[PDB]
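S.K.: have a look at this fold, sequence not included:
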Ligand SMILES: [N+]
Ligand SMILES: [N+]
């Protein structure tokens, strides 16, 4: 069947508003975490986040942005970057049945769903709500808000699977190319950052709460003193393209998606089973004749979760384990956008021949014993890289990307 | 070239809590719409809804239901029925890497997103939120709350595409079968019914508001006096199974999914273009050389939308227009749960040989002249049926199902 490659990328994250700023941040191990007055004022215990530092005012036409929540805004900007980076013009991708879009968010828009209810409960009711809340809230906001202004005619929907969201979007995009249904599928996602949603995670005891005085050190994946994840917002989009179609137009090909694993734990609602991850990673490596050189781990900086993945990694590789780093230590956990942002961080490592450092590890965790956790920006000629995304509900996604031959 | 068939179904809707109650409603042209004091008290203009008439208390283990919003509950109850209907023992589908679940909702849980925020702003803060709001409020709630209790090991995620949601879930499940990745995929969706979400629709003018005194008359697809859809909730699940796997275990097969269209309008944010729908139905019909005997329309009872669909149907079928009925006039529009529920109503019509009536058409819209809109229950041997789901954001899905020989 058909092979799929990535021919363009775009990103708006806590560590950079485009691939150049993100590349700079990754090489220097710069943290995108800051103190959040909004979270403190809301009454939360976690006072830090991986916020997008960008004034998006006037970046999107009013008639388009009026329908959008922040998740869509971020994904929209990311898609604009990916389209340019791919060297694509309207004539090639708009009004074309063979071009699609699969992009989602993990939470939709808790901020606008709450704005809707607050406004409706006020004296103006429906008038205060306005006619734009359905497209801002609504789990498919990200796909709907982008497909329309970009004149997408092919496939159009959102997949959501919590933290694995945008990784499943990419994988489904790959399947569309393999099934011969689409020549190009823009795949990614976005996630707003707001106390409305962050508090649900804090109420769950899932967010870091001991490092509010030193934001940049709160996300500390693999560190013995990790106490939860730092929530983040952002967006990402990659252009997934059928190989012959890409070669035929002289596209710049970052890599081929040679493996995609999607499995389920069928065990715990919030913690990973590990058994699911093992199968997912193996499914993704199946048939890949080259070793994994780098693995961007799921590790969100939580006690059990970090340990569960490492064990799964040991089970899959043994002593032949790849270089490992958790960019989450610098970026925070962007939920729905995490899969595509991490697939991007990984393509930038594959593209620029380096491994970003897993920062804030002051004392490695006993579980990471027989594994190579890279903690300093390291130059290396990577060929095959893997990225794991494991979300609540026991849902797993692993993407394997390789330089083309 | 693997083929996908439906071997079990389950449903919780405004017109029945299982396929038997639903079958009766369909044949009787029975409305599931009722007056809603909750919508009225919330300040909405639309005071009618297609509510699930069932108290779900205690039907799900306390430790499982604690993570669930209503969409997940409806979907869970639906999947239990689907599993029993498919004759699948636990050993046949649990802890099995070749068995998956793709199910979603259009809105996740606006009720719980709002609850978490209201609680957080109150005197107990985090303590009032509780540790279960995430799995209730997240967009993948429906897949997450089911995959876990049912011990699903294969694919696990939700697709969300507004009104087309569960129809894309079914199509994606077919794709897993065709890719040879799964032997069985449970596909479906659920949607809660609450003023928190409903007012958003009312605020954009999408809901019927002129028939609150006669709730059963508010949903009237194709009627000249339609004035918006009637929101509903509920769930549905079908067992999508690879054909060889179904035949080997003696599965009862309702039909084969012989066509699946998924397209995008790339035009207007809330109005259909018609053009995408045309491509969607044509894509679903590719290589299907039997005629469409019955088409379950998307027609949600809106002025603009009902006609764009009729125009698309006219374009796709020309002279070979199939019999058509909008079960929506009876059920209301269940958003994320609609695609699977209408696929199920279509399968029931196919299994039992009848076409359910498109009720409440007191004055047929002029642009519907010449089509075969069925307005009275009609017995007829059906072989191939089509069901459309066209949602906001210009997202389209069409499913074509066909009876197998013997
Ligand atoms: N990752
Ligand atoms: N339908």
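M.R.: Everything's here; your move. Numbers count the residues shown, from 1 in each chain, chains lettered A, B, ... in the order given. Ligands and ions are numbered 1, 2, ... in the order given.

S.K.: tell me how far the spatially most central residue of chain A lies from residue A:104.
M.R.: The C-alpha lying nearest the average C-alpha coordinate of chain A belongs to residue A:338 (C-alpha atoms, centre = their mean; 2.0 Å). Note on residue A:338: its distance to residue A:104, by C-beta to C-beta, to the nearest Å, is 12 Å. Bear in mind the C-beta positions are built from the backbone N, C-alpha and C, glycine included.

S.K.: what sits in contact with each of the two?
M.R.: Shared contacts of residue A:338 and residue A:104, defined by C-beta atoms under 8 Å, 6 or more residues apart in numbering or on different chains, are found at A:165-166.

S.K.: so is the helix or strand hosting the residue nearest to the centre of chain A next to ligand 1?
M.R.: Residue A:338 belongs to helix A:338-352 when assigned by DSSP states H and E. Yes. Counting by C-beta under 6 Å from any ligand atom, ligand 1 is contacted by helix A:338-352 at residue A:342.

S.K.: which parts of that helix are buried?
M.R.: Applying a neighbour-count criterion of 16 or more other C-beta atoms under 10 Å in any protein chain shown, the buried positions in helix A:338-352 are A:338-351.

S.K.: go on, stretch A:207-216?
M.R.: By neighbour count on 16+ other C-beta under 10 Å, the buried set for stretch A:207-216 is A:207-209, A:211-212, A:215-216.

S.K.: the helices in the stretch 301-405 of chain A, which residues?
M.R.: Listed in chain order, the helices found in the stretch 301-405 of chain A under DSSP state H, counting those that start in this stretch are A:303-317, A:328-331, A:338-352.

S.K.: show me the buried residues of stretch A:207-216 that map onto strands.
M.R.: Members of these lying in strands (criterion: DSSP state E): none.

S.K.: ok so, going back, nearest to residue A:113, of the helices of the stretch 301-405 of chain A?
M.R.: Proximity to residue A:113, assessed across the helices of the stretch 301-405 of chain A by C-beta to C-beta, is greatest for helix A:338-352 (21.2 Å).

S.K.: pull the distance from the closest one to the chain's centre.
M.R.: 9 Å (C-alpha atoms, centre = their mean, to the nearest Å).

S.K.: just list the residues touching the residue in the stretch 151-300 of chain A that ligand 1 sits nearest to, thanks.
M.R.: With C-beta to the nearest ligand atom as the measure, the residue in the stretch 151-300 of chain A that lies nearest ligand 1 is residue A:296; the distance is 4.1 Å. If a contact means C-beta under 8 Å, 6+ apart, then residue A:296 has A:325-327, A:342, A:345-346, A:349, A:385-388 as its contacts.

S.K.: which one is the closest residue to ligand 2 within chain A nearest to, not counting chain neighbours?
M.R.: Using C-beta to the nearest ligand atom, the closest approach of chain A to ligand 2 is made by residue A:157 at 16.5 Å. Here the nearest residue to residue A:157 in space, its sequence neighbours aside, is residue B:161; by C-beta to C-beta, 6 or more residues apart in numbering or on different chains that works out to 3.8 Å.

S.K.: ranges for the strands of the stretch 151-300 of chain A?
M.R.: Secondary structure of the stretch 151-300 of chain A (DSSP state E, counting those that start in this stretch): strands at A:156-160, A:184-191, A:234-242, A:255-264, A:294-296.

S.K.: I meant to write the stretch 1-150 of chain A there.
M.R.: Taking DSSP E, counting those that start in this stretch as the test, the strands found in the stretch 1-150 of chain A are A:4-12, A:33-35, A:48-50, A:99-104.

S.K.: tell me which of those is the most buried.
M.R.: Using mean count of other C-beta atoms under 10 Å in any protein chain shown, the stretch among those with the largest mean neighbour count is strand A:99-104, at a mean of 34.

S.K.: hmm, who's touching that strand?
M.R.: With C-beta under 8 Å, 6+ apart as the test, strand A:99-104 has contacts from A:75, A:79, A:93, A:139-140, A:142-143, A:146-147, A:150, A:152-160, A:165-166, A:169-170, A:172-173, A:176, A:182-190, A:237, A:336, B:139, B:160, B:264.

S.K.: next one: that strand to chain centre, how far?
M.R.: A distance of 15 Å separates the centroid of the chain from that of strand A:99-104, by C-alpha atoms, centre = their mean.

S.K.: for residue A:325, give the beta-bridge partners.
M.R.: With DSSP bridges as the criterion, the beta-bridge partners of residue A:325 are residue A:296.

S.K.: ok, how many other residues are close to it?
M.R.: The tally of other residues near residue A:325 (other C-beta atoms under 10 Å in any protein chain shown) stands at 32.

S.K.: close enough to count as contact, residue A:290 and residue A:402?
M.R.: Yes. Residue A:290 lies in contact with residue A:402 (C-beta atoms under 8 Å); the separation is 6.3 Å.

S.K.: neighbour count: those two, which is higher?
M.R.: More crowded of residue A:290 and residue A:402, by other C-beta under 10 Å: residue A:402, with 22 against 12.

S.K.: show me the contacts for the more buried one.
M.R.: Each residue near residue A:402 by C-beta under 8 Å, 6+ apart is listed here: A:255-256, A:258, A:288, A:290, A:383-385.

S.K.: ok, those vs chain B, which is closest?
M.R.: Here the nearest of these to chain B, counting by C-beta to the nearest C-beta, is residue A:258; it sits at 15.4 Å.

S.K.: I'd say that closest one and residue A:398 touch.
M.R.: No. Contact between residue A:258 and residue A:398 fails when scored by C-beta under 8 Å: they sit 11.6 Å apart.

S.K.: between the two, point out the one with more neighbours.
M.R.: Neighbour comparison, residue A:258 and residue A:398: the larger count goes to residue A:398, with 29 against 22 (by other C-beta under 10 Å).

S.K.: and the longest helix along chain A, what's buried?
M.R.: Once chain A is assigned using DSSP state H, the helix that runs over the most residues is helix A:70-86. With burial defined by 16+ other C-beta under 10 Å, the residues of helix A:70-86 counted as buried are A:70-83, A:85-86.
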